[PDB]
Amino acid sequence: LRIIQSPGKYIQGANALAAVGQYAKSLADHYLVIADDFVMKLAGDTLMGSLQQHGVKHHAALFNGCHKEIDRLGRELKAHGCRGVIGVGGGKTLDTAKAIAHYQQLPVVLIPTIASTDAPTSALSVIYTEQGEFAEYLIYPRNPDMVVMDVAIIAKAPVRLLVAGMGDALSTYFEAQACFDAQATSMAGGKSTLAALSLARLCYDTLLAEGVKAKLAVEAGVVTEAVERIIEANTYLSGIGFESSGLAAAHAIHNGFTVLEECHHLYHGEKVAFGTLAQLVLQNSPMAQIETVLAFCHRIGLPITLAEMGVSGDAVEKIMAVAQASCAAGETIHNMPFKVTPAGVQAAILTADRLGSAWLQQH
Amino acid sequence: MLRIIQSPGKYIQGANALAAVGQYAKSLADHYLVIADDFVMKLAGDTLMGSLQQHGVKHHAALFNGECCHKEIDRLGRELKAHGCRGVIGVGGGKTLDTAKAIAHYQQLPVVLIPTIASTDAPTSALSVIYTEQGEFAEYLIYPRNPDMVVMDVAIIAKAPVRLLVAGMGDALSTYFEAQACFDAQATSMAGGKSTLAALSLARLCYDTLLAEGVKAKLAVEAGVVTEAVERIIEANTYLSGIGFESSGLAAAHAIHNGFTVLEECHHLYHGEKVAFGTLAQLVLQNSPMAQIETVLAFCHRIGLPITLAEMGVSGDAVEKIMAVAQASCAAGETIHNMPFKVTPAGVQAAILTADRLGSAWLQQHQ
Amino acid sequence: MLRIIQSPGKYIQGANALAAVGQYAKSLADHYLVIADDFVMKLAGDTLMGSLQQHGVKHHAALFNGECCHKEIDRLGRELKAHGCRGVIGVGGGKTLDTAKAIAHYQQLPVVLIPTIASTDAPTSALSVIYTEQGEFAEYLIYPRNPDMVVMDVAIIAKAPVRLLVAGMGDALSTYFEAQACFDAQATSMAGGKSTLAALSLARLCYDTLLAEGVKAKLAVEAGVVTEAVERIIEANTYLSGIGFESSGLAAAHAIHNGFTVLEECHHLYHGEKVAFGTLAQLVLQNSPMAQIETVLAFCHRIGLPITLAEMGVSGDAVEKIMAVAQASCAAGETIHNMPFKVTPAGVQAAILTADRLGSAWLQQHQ
Amino acid sequence: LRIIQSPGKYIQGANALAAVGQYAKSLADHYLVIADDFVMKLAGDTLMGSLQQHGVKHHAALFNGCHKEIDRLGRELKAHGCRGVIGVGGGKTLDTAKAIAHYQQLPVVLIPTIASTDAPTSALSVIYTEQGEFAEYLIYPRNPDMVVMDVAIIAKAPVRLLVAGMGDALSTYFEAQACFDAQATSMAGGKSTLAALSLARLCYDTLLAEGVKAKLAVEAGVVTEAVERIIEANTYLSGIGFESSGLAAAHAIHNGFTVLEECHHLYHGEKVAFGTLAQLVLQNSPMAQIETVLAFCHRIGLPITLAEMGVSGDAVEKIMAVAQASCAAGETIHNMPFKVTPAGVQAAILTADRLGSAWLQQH
Amino acid sequence: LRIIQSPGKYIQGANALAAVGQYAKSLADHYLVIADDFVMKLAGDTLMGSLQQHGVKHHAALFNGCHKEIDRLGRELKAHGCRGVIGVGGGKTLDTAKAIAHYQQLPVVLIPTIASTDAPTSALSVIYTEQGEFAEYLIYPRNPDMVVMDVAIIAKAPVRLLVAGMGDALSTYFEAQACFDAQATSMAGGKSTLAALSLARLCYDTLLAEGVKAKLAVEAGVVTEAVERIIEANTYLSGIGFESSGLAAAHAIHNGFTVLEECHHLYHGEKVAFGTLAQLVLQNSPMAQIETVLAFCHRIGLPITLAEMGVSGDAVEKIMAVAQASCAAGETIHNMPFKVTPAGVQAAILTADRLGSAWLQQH
Ligand code: NA
Ligand code: NA
Ligand code: NA
Ligand code: NA
Ligand code: NA
Ligand SMILES: [Zn+2]
Ligand SMILES: [Zn+2]
Ligand SMILES: [Zn+2]
Ligand SMILES: [Zn+2]
Ligand SMILES: [Zn+2]
Ligand SMILES: [Zn+2]
Ligand SMILES: [Zn+2]
Ligand SMILES: [Zn+2]
Ligand SMILES: [Zn+2]
Ligand SMILES: [Zn+2]
């Protein structure tokens, strides 16, 4: 079976927060709104004013940066009798909103204030230990009902977060094409459709066409068409691509890197970018394609060496540990269309570092 | 100003998918009304009920009386309420599917659609097309959400008459051209905003899949079998085209199709057959280059879609009849105003009459 | 050494433009003599006078007696003077238009030309071609200014016989080749200088539009309708070709056309039909590569322009007749000396006889 | 309706001033010649000697750098019974000559001594307030009867003025193609013909082929074929292109910039060049096309950043005012094939500045 | 009529001097050998030994670096009853050998010891005044009977002379194509054949393919296949090309430059190279083709600016004199397919200088 899944509706544009009530109303007439105090300050009057205009009841919950904040927000929801969840903010908030909605069986509307990972459209949350190490992929039975991306808010967030989202999105084509070639099963539970693979590719093509242009707009805090295209790339295209087409070596290498303390200060997408580079070596991509990805990463500020990732000195045994972890049973690296072992992964990573360092020398 | 894309929750496709429907349906509900006419129940009923039983899903079969009318809808609503069903399954052709969407809408329950033919891109959409009883386009009726799940059993589809696959390729054929015209016009889609890059790209992928795979798939289905080409065309006729048209946009070809519904001579051709010709007429309306017209003429001729008025049953001095088609295609609210330029009845008449001439000259060169 | 481009003040085109002529004519004068033969008055008279009335423009109709002769010109001059008209409108075919240019010239008044056919590139030019009564080229007669305004009603043109559109494409066909030959020779145009980049580019755009749009437009006009392809060809046959030939240059093809006017066998073919063949002969004269000859042969054959002496009515031992064509094409003052190389009657005869052979071999392969 | 308009005759070449009498004679036998004292010194004997040779009467008027210099020259014309107007010199003179000819209903011959804007062929004059702010486009019912470009005179004018004319001409293809795509009405009053759009494109292609070569010739004060092609581009091609094919965002942005005091020292064409760059961002042109236009502007000396335009420091509110003004009702920016708002314009301008500044860094 | 002329036989290769007797014998059994003392020292035993081996009589004449050295060698020839002339050495010697052979009506064999101009195959000598100014082209009724190029000798001559020969050969395609386009009459007396034009083009293509490679070989004093190809290019291809296809602006500009004292220290071919560049401007070649010729000239050491030609300061009036002279009645510049005047030539030269100086800046 080929299977594609999607949120029911993805909405994007400048000041989309002021139009939320009209779409949210179609799903429920009473929401719990989960957001931290800083996001409530930026977004709360706009959002609450939209909800009121369309006759939607709302209760805002005190949220702070655990299955137990989830339980607590679960009880508060029942207490006020809410029929719906809105999450507003960064990843932890959106993840908590998906969990609450799931455990209560209610529709969920997600409103990301940054475009830094492809997580929001997905029926998935990534769980980490207390020490920051990858633990597991937690799969929910449904995608979010609705994802709303306000481009004006996103373009005012720190540019480094748009760049991180592009690093996450960079892996999508490469991972999806490897899975496709391998006939691997996606998280959606089948073989990839043409549709998912094609959005994954459009993701990559869009990054190459719009990445720099968008970065320059976001540095000035403004929304151009290039920014809208990258937000779409970073969020819808990447999200469908990864979940319905598949994950492979780049994400498994990211997860491996979480076992080193030295990289905990990088964003998810910065590490996936280097993991993508390592994958290019693992699958023996042609030098021209390595050059394209190195130039794109350098041009926008993604890491292309182990030193840029905070890993210095003789890294050989550290990267052995990263490789053992990226090859654990269950990991997505085994969706590659060839057999992969820790030794091959360590070799791909160490070589990618040399290729990125030689590139820096030439530039 | 907002870009919006909508989609069914899950689209599932492959050979003998009907036998696996229970795992997927179970995730939405444990009790379904199954709407199917008698021919479809005889064809698919034992496999489907078998699958449902095997996954602990309860089910009441209900015999569909062929037509998608408020009466049948209200009737099936009451029946559902009386056995306590928590979900609807539609199985079969377009009228059965459109009925199941409405039942699920009014009862506010989840719906699983199981098309047994791939002859239109309707199944994934939050939409039904209402005609009159005389067969004349009435209205687009729009639901506020898409079907939860669409299941395409490719083995079943490949045993259906090849003419129905061709008609679906005909409907799919318009998708790119209408989507790109809307995109160019900055027109609003049925999803309620400007097109995403995603919906436009799926629409283009539709056109490109038809050109790569359409003949190969037609040959396989003529033999009654499923190859990868058939799997690709079924995706193209269903998911790619369905998202492309709903979330990217309709334009001249479907408006021209609607306009042809005022002529009795056509009224029994399949929707996608007429839409193929309407696509040709759109090419003349927007002045596509000759190489692109040639490509489309060769595709339609190679798979068996009409490229002249005579193949649509229309002959003689059709000047007045085509002016009637043209007026109807330009009615207020029609999708032809989504073109990136001003369209008038006279321009539409011109494009139709000229498309006929192009296709007739192409037939005379045979190729 | 000077580059010069000249142009009508305003060129206006589109469907039902005749009904809007009053706004534009009003800007030049509030009182016009309207010169039209009776057939044209019956076809276009009520729309035109209607438009003029609606914008407060006064008008006296004058019946044109078919021929562009000093007598008719002097006559229409007197009539104008007697009602006090402050402008001339010419409506219809070439002889009507050439007459209106002369009337406006002698009376020193503004002129609006309304061609009801698109069969030559004459309308925009500061020019008239004088023949003898026996049909034999006499002289280019040159005015010191271009018509003020040229109005092309595409709806009217698309109802005229397709053969007249084809003949205009035939005339337009020579434009690029003659312009580029002149440009290469650094020859002086009828505008009085070397060609601008603008006039050459319009001439090339003419050729490129014919190749892209010519068949599509022909098909539409065979159906009696206006599509965008027809709008493009009408611009190509009229504005692009008219500026190209006047401000960029004439060369062998039109000189060869003139030379053919000494044979009775041709004398009733349309100007553009003969010019198409003269273009072919120009291709052989300048040794165009075979691929370019093929392209032109396929274009002329596909739209119905002559590619052999027999299609121009000439048969048998035409050795002497073609030597007479060749001598006349090389007369002192003819445009064939604008070629970027020395041309003699023997070379022209060679090019003609050889072009006939090329076109006859092409006909035998049918394609 | 598709409509194209043109002057009746455009004449160009080296020492074309010495041949003027032969063409002017065809229109009238007695002219008022309007020119400042410096232009009279350069051009007057050549011109007056040509007029005499062909039996053309002439009276020269004292002209100085207002509807009232127009009225005064109007009365002087009647006083001597003149049948014709010749304007010789820069834009203000040519504009005054068009106005006089119009109010008196006589033929006009224009003789530009610089090739710095595409105004001369057109039936249009741009009106500004006393403080230099764009006021309105004033449309006359006729184009000039004749435009005469003496290339020897033009090639001796300061090169910075040829460069400015190239900046004005740079916008023409982009603006015409946007209008064409939008099915916008031109100043000629219809939809664009194929002819006008095609001259607009030829304009752009000519600039890219001949711009540098012409600039180098004009730096030495001489006329080569490249100079003749750029003069034609800057004057005939651009003039037909803009008037008969259409204006769009680049000119509207130029008009916006006139509300800042900081840019009043740049020529019209220098500001249109940056406005063209901003338009490329607004319409999301591909990076390759941005690179081509950035390299061309840099290569000839047109501005590619807000600092090169004299706008320094935090420009954000200043560019907001430029964007509000470029979007006024009536402005040509609404001929773009998509909806445009002040926020989008401000974003395009600020981003174009970042793109031009990044380009400078690489060069 | 199309007419091509050629020497009867062209022979080339390493140590070709040692095989001369076998070819010279076919024409006559007794030669006068004209050569200076330095060339006699290098070449004389090899040559005289070859002549002896094939039963050819020989008398060597005292030759020194005028119609009167020609008359004197004329009488000495009769005195010894010689049946043939061999010239060995540089241009003056070969020119004197052609003159003697002509006035005595005997066969002539030319043996160039340098490959610095395309003169040797031709029926032409260029005459200069005492002050070094171009005087006239003197056309003989016959080409030389035989030209023998010993590549080993040539590759040991100063590299600067191979480079000069490449500068002369650089003009050949451009001049021949201009004449062809103009339907100009060549010195052979008709229109160009296909053959001559095609050798002219092969000349240019060979220079671009082999020029650098040959220069590097000749810097080490050795013969590779690239050297053989450039010698052929510089001598046979260029010689047939220029004489049978035609001369145009580049040579006329060279002749113009002979009126300035400042350039008398450059070789013929160094000045023709810049004259070629000026011609590229005169005919408005595309920038890409200008770039190719600038890079080739720079790469091998030909001049691309007036300063490299020794012309400094304000050159404007000097270049006016060069342009007047290049346009004299009779000059080849009128074989261009467009009218040419002194002003246009001065403009082409001054602009070419600016283009060459801008190129130097970028490199
Ligand atoms: Na990803
Ligand atoms: Na469709
Ligand atoms: Na013509
Ligand atoms: Na412009
Ligand atoms: Na040479
Ligand atoms: Zn609540
Ligand atoms: Zn990720
Ligand atoms: Zn039930
Ligand atoms: Zn359809
Ligand atoms: Zn009257
Ligand atoms: Zn003609
Ligand atoms: Zn006066
Ligand atoms: Zn401007
Ligand atoms: Zn002797
Ligand atoms: Zn030479």
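Excluded from the calculations below are hydrogen atoms, water molecules and symmetry mates; all remaining heavy atoms, backbone and side chain alike, are included. Quick note on labels: first sequence line is chain A, next is B, and so on, each numbered from 1.
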Q. Would a 4.5 Å heavy-atom cut-off, applied to side chains only, mark B:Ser27 and A:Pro141 as touching?
A. no
(Q) Using side-chain heavy atoms (C-beta onward) and a distance below 4.5 Å, is B:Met169 in contact with B:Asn237? (A) yes
**Q.** Any side-chain donor near an acceptor of the partner, A:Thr172 and A:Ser238, under 3.5 Å
**A.** yes
Q.
Looking at every heavy atom in both A:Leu110 and A:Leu94, which two are closest together, and how far apart are they?
A. CD2-O, 3.9 Å
(Q) Just so I know, are the side chains of B:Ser195 and B:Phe183 near enough to count as touching, which here means a heavy-atom distance under 4.5 Å? (A) yes
Q) Can you tell if the side chain of B:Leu202 reaches within under 4.5 Å of the side chain of A:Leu199, non-hydrogen atoms only? A) yes
**Q.** Separation between CG of A:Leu208 and OH of A:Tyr173, rounded to the nearest 0.5 Å
**A.** 11.5 Å
(Q) Whether the side chain of A:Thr332 engages the backbone of A:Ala248 through a donor-acceptor N/O pair (distance < 3.5 Å, no angle test) should be reported. (A) yes
Q) ring pair (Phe, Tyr, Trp, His ring centres under 6.0 Å) between A:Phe134 and A:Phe257: does it pass, once the steps are laid out? A) CA-CA 9 Å; A:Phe134 167 74; A:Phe257 275 107; over 10 Å; no
Q: Hey, can you tell me if A:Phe242 and A:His251 have their rings parallel, tilted or perpendicular (30° and 60° cut-offs)?
A: parallel
Q: Kindly give the heavy-atom pair with the smallest separation between A:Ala250 and A:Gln279, and that separation in Å.
A: N-OE1, 2.9 Å
Q | B:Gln23, CD atom: more than 12 neighbouring heavy atoms under 6.0 Å | A | yes
Q) Which heavy atom in B:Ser125 sits nearest to a heavy atom in B:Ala122, and how many Å separate them? A) OG-O, 2.7 Å
**Q.** side chain to side chain donor-acceptor pair (under 3.5 Å) evaluation trace for A:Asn255 with A:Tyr128
**A.** CA-CA 10 Å; A:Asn255 293 351; A:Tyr128 291 98; 5.1 Å; no
(Q) I'd like to know whether NZ of B:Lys26 has more than 12 heavy-atom contacts from other residues, nucleotides or ligands below 6.0 angstrom. (A) yes
Q | Distance (rounded to the nearest 0.5 Å) between B:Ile35 CD1 and B:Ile103 CD1 | A | 5.0 Å
Q. Which is it for B:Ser247 and B:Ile4 under the side-chain contact (heavy atoms from CB on, under 4.5 Å) test, yes or no, and what are the steps along the way?
A. CA-CA 7 Å; B:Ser247 285; B:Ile4 300 172; over 6 Å; no
Q | Worked verdict on B:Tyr32 versus B:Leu28 for side-chain contact (heavy atoms from CB on, under 4.5 Å) | A | CA-CA 10 Å; B:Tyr32 287 87; B:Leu28 294 167; 3.3 Å; yes
Q.
Would you say B:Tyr239 and B:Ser7 are linked by a side-chain donor-acceptor pair, where the criterion is simply a distance under 3.5 Å?
A. yes
Q | Side chain proximity check, A:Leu161 to A:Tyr267, heavy atoms < 4.5 angstrom | A | yes
Q: Indicate the atoms forming the closest heavy-atom contact of A:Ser326 with A:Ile333, along with that distance.
A: O-CG2, 3.1 Å
Q | Separation of A:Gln12 CD from B:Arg3 CZ (nearest 0.5 Å) | A | 6.0 Å
Q) For the side chain to side chain contact (heavy atoms under 4.5 Å, CB included) test, which of A:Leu277, A:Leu247, A:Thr276 pairs with A:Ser171? A) A:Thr276
Q. To the nearest 0.5 Å, what is the distance between CD (A:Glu136) and CD1 (A:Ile139)?
A. 8.5 Å
Q) Is there a donor-acceptor contact under 3.5 Å from the side chain of B:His59 to the main chain of B:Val34? A) no
Q: Measure from the side-chain N and O atoms of B:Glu235 to the backbone N and O of B:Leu240, and report whether any donor-acceptor pair falls under 3.5 Å.
A: no
(Q) Using side-chain heavy atoms (C-beta onward) and a distance below 4.5 Å, is B:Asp121 in contact with B:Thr238? (A) no
Q: Can you run down the salt bridge (charged side-chain N to carboxylate O under 4.0 Å, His left out) pairs that involve residues 198-211 of chain A, sequence neighbours left out, and say none if there aren't any?
A: A:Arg201-A:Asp205, A:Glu210-A:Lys213
Q) Roughly how far, to the nearest 0.5 Å, is OG of A:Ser198 from CG of B:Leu205? A) 4.5 Å
Q.
Regarding B:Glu228 and A:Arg2, does a basic nitrogen lie under 4.0 Å from an acidic carboxylate oxygen?
A. yes
Q. Can A:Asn335 and A:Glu175 be counted as having a side-chain donor-acceptor contact under 3.5 angstrom?
A. no
Q) Taking atom types as modelled and ignoring hydrogens, do the side chains of A:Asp95 and A:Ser125 form a donor-acceptor contact shorter than 3.5 angstrom? A) yes
Q.
Pair B:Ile114, B:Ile89 - check side-chain contact (heavy atoms from CB on, under 4.5 Å), show working.
A. CA-CA 7 Å; B:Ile114 314 187; B:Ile89 294 176; 3.8 Å; yes
**Q.** Nearest atoms (heavy-atom pairs only) where A:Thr185 meets A:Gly189
**A.** CG2-C, 3.7 Å
Q. Which value, rounded to the nearest 0.5 Å, describes the distance between A:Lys191 atom NZ and A:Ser245 atom OG?
A. 8.5 Å
Q | With sequence neighbours excluded, residues passing side-chain contact (heavy atoms from CB on, under 4.5 Å) with B:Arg86 | A | B:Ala29, B:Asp30, B:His31
Q | Main-chain N/O of A:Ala123 paired to A:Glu243 side chain as donor or acceptor, under 3.5 Å | A | yes
Q: Kindly determine whether B:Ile156 and B:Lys159 satisfy side-chain contact (heavy atoms from CB on, under 4.5 Å), including the steps that lead there.
A: CA-CA 5 Å; B:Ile156 292 182; B:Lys159 290 171 192 317; over 6 Å; no
Q. Taking the six-membered ring of A:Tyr103, is the NZ or CZ of A:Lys98 close enough (under 6.0 Å from the centre) and on axis enough (within 45°)?
A. no
Q | A:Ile114 and A:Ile154, any side-chain heavy atoms less than 4.5 Å apart | A | no
Q | Nearest non-hydrogen partners of A:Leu106 and A:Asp145, listed with the distance | A | O-OD1, 4.5 Å
Q) With distance as the sole test, does B:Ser51 use its side chain to make a donor-acceptor pair with the main-chain N or O of B:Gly22 at under 3.5 Å? A) yes
Q. Any side-chain heavy atom of A:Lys9 sitting closer than 4.5 Å to one from B:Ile5?
A. no
Q) Checking A:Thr93 side chain against A:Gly89 main chain: does a donor-acceptor pair fall under 3.5 Å? A) no
Q | Ring-ring centroid check B:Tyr143 B:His105, cutoff 6.0 Å | A | yes
